[PDB]
Asks: 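My questions all concern the structure below.
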Amino acid sequence: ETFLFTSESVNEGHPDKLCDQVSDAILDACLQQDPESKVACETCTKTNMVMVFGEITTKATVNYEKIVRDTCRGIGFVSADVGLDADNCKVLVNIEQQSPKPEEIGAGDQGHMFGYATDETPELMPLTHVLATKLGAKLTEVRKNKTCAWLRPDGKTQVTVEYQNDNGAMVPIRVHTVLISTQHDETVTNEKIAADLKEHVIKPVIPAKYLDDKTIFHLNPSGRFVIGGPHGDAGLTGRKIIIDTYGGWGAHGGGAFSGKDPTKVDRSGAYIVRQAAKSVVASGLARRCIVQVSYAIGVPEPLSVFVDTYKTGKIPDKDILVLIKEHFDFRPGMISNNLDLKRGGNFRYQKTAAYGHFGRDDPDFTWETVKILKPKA
Amino acid sequence: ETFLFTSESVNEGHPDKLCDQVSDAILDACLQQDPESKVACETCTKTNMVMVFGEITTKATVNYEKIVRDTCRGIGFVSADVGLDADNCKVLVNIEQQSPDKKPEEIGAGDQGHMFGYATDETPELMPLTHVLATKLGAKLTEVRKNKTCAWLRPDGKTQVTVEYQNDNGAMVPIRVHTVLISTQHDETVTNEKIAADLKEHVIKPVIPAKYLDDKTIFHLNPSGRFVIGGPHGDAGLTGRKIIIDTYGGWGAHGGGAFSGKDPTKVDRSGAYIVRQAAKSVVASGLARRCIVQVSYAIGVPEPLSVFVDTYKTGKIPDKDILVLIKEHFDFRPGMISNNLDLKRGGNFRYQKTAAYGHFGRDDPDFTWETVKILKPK
Ligand SMILES: [Cl-]
Ligand SMILES: [Cl-]
Ligand SMILES: [Mg+2]
Ligand SMILES: [Mg+2]
Ligand SMILES: [Mg+2]
Ligand SMILES: [Mg+2]
């Protein structure tokens with residue numbers, strides 16, 4: 001009859017997510033000056049420290065430490081009390097930096113990537129992940145627009161949804177449980193925190209049709225949460241790959257995104273298969289769809305592209321695959337040009353590094369822009 | 001009508017995996033002295049540094065620094081040239097000790113979450129062939145390094161296997177190994193030709209069934225060149241950064257929760273272990289060719305919100321009837337999992353062994369969640 005699914009997100013001040021954001025801020029800065037930059041930038045944080053390391057090949061002149069402090073400060077790490085003083089903490093820069101036909105650019109590694117789409121939301125994303133990520137984005141918004149000025153940067157959001165399976169399609173019935181644990185200042189009671197999260201975060205984000213008299217709300221269930229981020233903890237880039245993708249739905253190729261230029265198939269491969277899956281569902285060819293691409297090291301053309309519609313396809317899966325191959329170029333150098341991926345600056349990649357790479361209504365997320373696929377007559 | 005699937009493993013010297021191992025060594029030490037220990041121990045590594053932190057409630061008296069150095073030395077980090085000098089590197093012990101301060105049936109889930117268990121008839125391990133081969137290639141590299149069959153090996157590296165499959169009415173049927181990639185750390189004098197020949201002879205040949213290999217299988221053996229230093233050197237690692245390698249190599253839905261450094265009162269770990277045991281028991285009992293079992297916990301509640309099974313239409317009986325059998329033969333209450341799978345036993349490398357080369361599909365009797373129950377249909 002029904003089944004449950006749960007997805008979680010962490011806020012922009014969670015230490016792992018901080019690392020993802022710093023890594024993508026460094027990518028953005030390199031690409032702004034040099035679109036041909038090669039970037040493999042990781043960030044590690046712990047009490048009073050942020051370290052950036054990895055390999056960059058660029059013509060860009062970048063002040064890495066300045067990017068680190070400005071990113072941390074902008075998230076809200078302005079003091080030891082919040083959990084990191086962006087301007088006084090230790091910053092270590094251990095990046096190894098050097099100077100330096102799109103059809104012929106090979107995959108840099110062997111790997112595979114999955115893209116998922118589902119008609120259950122207008123974002124064509126799983127409702128569990130849409131709600132978890134939009135709750136976190138709304139927490140950040142209401143902090144910065146001073147609706148809830150008592151908020152601090154760290155926290156987590158989690159949603160459990162009850163579903164029916166309708167001949168392979170996922171049909172959300174109701175939100176079972178909402179959990180929010182948010183960092184806050186000393187000046188608000190637990191009562192005020194819970195009341196404000198219901199009014200200013202939950203009510204705007206969760207469609208009323210999914211809430212009922214039995215939905216469970218867990219609002220700061222583990223108690224007071226005044227300090228956060230790096231303090232007494234650690235984070236690394238690429239430690240939240242389920243949050244970055246589909247919140248647990250579908251098979252996983254394992255590759256992490258942030259700090260990688262788009263010559264890296266972990267990122268460009270994942271983006272193109274989301275675009276393909278999303279396009280299949282948007283075009284009415286299936287209610288739900290997973291698209292896989294597999295790359296061989298040094299080869300431009302994928303080993304294989306595969307589609308599965310979970311028996312929801314309006315035409316056979318092999319016939320959808322013909323349309324996907326007609327309209328999508330999986331060669332990595334061609335993905336980078338077609339999806340305009342070599343553009344940075346104006347937070348292009350830093351935006352992807354919290355609250356999910358997918359499901360975003362933002363034209364910079366070019367992989368969210370559907371192609372309208374019509375079978376040939 | 002075939003498709004490809006790829007899984008990867010990293011070797012015990014990979015910095016993330018080193019962290020997992022150190023976290024689980026600390027867990028082992030605490031549980032050996034105090035089976036009721038509460039442990040949430042994470043490890044971070046970078047050049048010349050290992051840091052352990054988190055919260056522990058224990059009656060144990062543990063030399064945390066000695067555990068860290070012994071773990072790293074046994075992995076093979078015996079000098080700075082290897083990528084970490086376990087004997088004199090910086091070790092920071094930042095664990096918060098809480099002083100010690102209930103029926104097992106009444107122990108609630110400590111947070112909200114869900115966990116998936118997977119099994120498939122395609123291997124005797126009842127695991128996906130991609131992941132069996134990737135993890136067994138890594139385990140074999142460690143074996144031949146330490147017994148000096150291939151003494152030139154060093155601890156870091158990765159293994160990757162791509163398999164061609166057919167879908168037989170929802171069952172996964174491996175046809176052949178398409179590509180094998182091995183990237184291993186090694187000493188300063190061994191040659192590339194010796195590395196390739198010994199990897200073929202002593203690692204690939206013993207691990208991969210000959211029936212899957214043919215004249216077209218591709219081998220990439222240290223494709224990116226020389227690899228003498230590794231581990232933490234010029235890198236970083238953290239516990240719980242390799243959750244796909246720890247589980248099923250990409251197959252199935254993922255609940256997101258990491259395992260190492262967590263005592264078994266943590267449903268991320270106990271929950272994942274019991275649903276592996278359940279899925280494995282369904283397939284071993286011939287009730288399905290392939291099965292995923294999901295458990296969902298409510299914060300503070302011992303009984304799961306729900307248990308769910310999907311056989312991908314390969315069940316011999318209806319999925320709802322398999323679910324009745326699962327609930328009759330498995331106790332999903334976390335306190336009862338811990339007792340029934342003897343999870344509070346630590347020491348003797350019990351959890352450290354889980355921390356590299358996969359928590360599932362292992363023949364070691366410490367992996368109590370790999371023991372099959374016969375499920376008789378009614
Ligand atoms: Cl700098
Ligand atoms: Cl020291
Ligand atoms: Mg990859
Ligand atoms: Mg005509
Ligand atoms: Mg020495
Ligand atoms: Mg969890």
Side-chain angles (χ1 to χ4, degrees), chain A residues 1-8 16 42-44 46-47 51 53-54 92 94 96 109-112 114 158 160 162 165 176-177 179 216 218 221-222 232-243 245-254 256 292 294 296-298 303-304 306 308 311 318, chain B residues 1-8 16 42-44 46-47 51 53-54 92 94 96 111-114 116 160 162 164 167 178-179 181 218 220 223-224 234-245 249-258 294 296-300 305-306 308 310 313 320:
Chain A
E1 198 141 68
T2 66
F3 72 88
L4 299 181
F5 209 97
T6 298
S7 301
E8 70 179 271
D16 291 320
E42 298 180 301
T43 306
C44 184
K46 61 177 73 165
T47 300
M51 171 173 52
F53 64 96
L92 292 178
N94 297 327
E96 288 283 359
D109 190 10
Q110 181 92 15
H112 69 168
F114 298 85
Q158 183 177 35
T160 299
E162 297 191 10
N165 179 330
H176 182 290
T177 299
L179 182 149
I216 299 159
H218 291 302
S222 284
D233 209 333
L236 252 175
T237 306
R239 191 161 173 240
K240 292 299 181 186
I241 70 172
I242 303 305
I243 294 172
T245 60
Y246 305 94
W249 296 88
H252 208 296
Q292 180 199 23
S294 302
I297 184 161
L303 292 170
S304 65
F306 172 78
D308 181 352
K311 301 195 238 293
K318 70 180 201 323
Chain B
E1 91 271 57
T2 62
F3 65 88
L4 303 180
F5 206 97
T6 304
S7 301
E8 254 180 86
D16 292 323
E42 288 171 319
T43 305
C44 184
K46 58 168 204 183
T47 301
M51 173 176 74
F53 62 101
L92 292 180
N94 293 332
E96 195 206 320
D111 76 355
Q112 192 101 0
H114 68 167
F116 298 88
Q160 187 173 35
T162 302
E164 299 189 29
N167 181 326
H178 183 290
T179 304
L181 183 152
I218 298 160
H220 297 298
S224 292
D235 210 334
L238 254 176
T239 304
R241 195 163 173 239
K242 293 292 171 186
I243 67 171
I244 303 299
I245 290 178
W251 296 88
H254 210 291
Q294 176 192 19
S296 299
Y297 287 102
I299 184 166
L305 285 174
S306 62
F308 177 76
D310 185 351
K313 322 273 187 214
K320 72 180 191 294

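Lettering follows sequence order; numbering is per chain, from 1.
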Asks: Measuring heavy-atom distances to chain A, does B/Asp16 have an atom under 4.5 Å in its side chain, in its backbone, in both, or in neither?
Replies: side chain
Asks: Checking heavy atoms, do the side chain of A/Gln158, its backbone, both or neither come under 4.5 Å from chain B?
Replies: side chain
Asks: Can you tell which of A/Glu8, A/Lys46, A/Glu42 has the highest number of heavy-atom pairs within less than 4.5 Å of chain B?
Replies: A/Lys46
Asks: If you count heavy-atom pairs under 4.5 Å between each of A/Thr47, A/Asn165, A/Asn94, A/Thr237 and chain B, which one has the most?
Replies: A/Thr237
Asks: Under 30°, 30 to 60°, or over 60°: which ring-plane class applies to A/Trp249 and A/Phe3, parallel, tilted or perpendicular?
Replies: perpendicular
Asks: Given a strict heavy-atom distance threshold of 4.5 Å, which part of A/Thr160 is in contact with chain B: side chain, backbone, both, or neither?
Replies: side chain
Asks: Taking all non-hydrogen atoms of both residues, which atom of B/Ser7 and which atom of B/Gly249 are closest, and how far apart?
Replies: OG-O, 2.8 Å
Asks: Report which part of A/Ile241 has an atom under 4.5 Å of a heavy atom belonging to chain B: side chain, backbone, both, or neither.
Replies: side chain
Asks: When heavy-atom pairs shorter than 4.5 Å are enumerated against chain A, which of B/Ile245, B/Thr6, B/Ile218 gives the highest number?
Replies: B/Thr6
Asks: Of all of B/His220, B/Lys242, B/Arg241, which one pairs up most often with chain A through heavy atoms under 4.5 Å apart?
Replies: B/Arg241
Asks: Quick one: what part of B/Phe5 sits under 4.5 Å from any heavy atom of chain A, side chain, backbone, both or neither?
Replies: both
Asks: Side chain, backbone, both or neither: which part of B/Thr179 has a non-hydrogen atom closer than 4.5 Å to chain A?
Replies: side chain
Asks: Which heavy atom of A/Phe53 sits nearest a heavy atom of A/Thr43, and at what distance?
Replies: CE2-N, 4.3 Å
Asks: I'd like to know which of B/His178, B/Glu1, B/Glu96 tops the heavy-atom pair count under 4.5 Å against chain A.
Replies: B/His178
Asks: What part of A/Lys318 lies closer than 4.5 angstrom to a heavy atom of chain B: side chain, backbone, both or neither?
Replies: neither
Asks: For A/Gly253 and A/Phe114, work out which heavy atoms get closest and say how close.
Replies: N-CD1, 3.8 Å
Asks: Heavy atoms only: give me the nearest A/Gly254-B/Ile244 pair and the separation to one decimal.
Replies: CA-CG1, 4.4 Å
Asks: For A/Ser294, which residues count as a side-chain contact (heavy atoms from CB on, under 4.5 Å) partner, sequence neighbours excluded?
Replies: A/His112, A/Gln292, A/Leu303, A/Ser304, B/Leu4
Asks: With distance as the sole test, does B/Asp111 use its side chain to make a donor-acceptor pair with the main-chain N or O of B/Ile299 at under 3.5 Å?
Replies: no
Asks: Shortest non-hydrogen contact from A/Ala256 to A/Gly238?
Replies: CB-CA, 3.7 Å
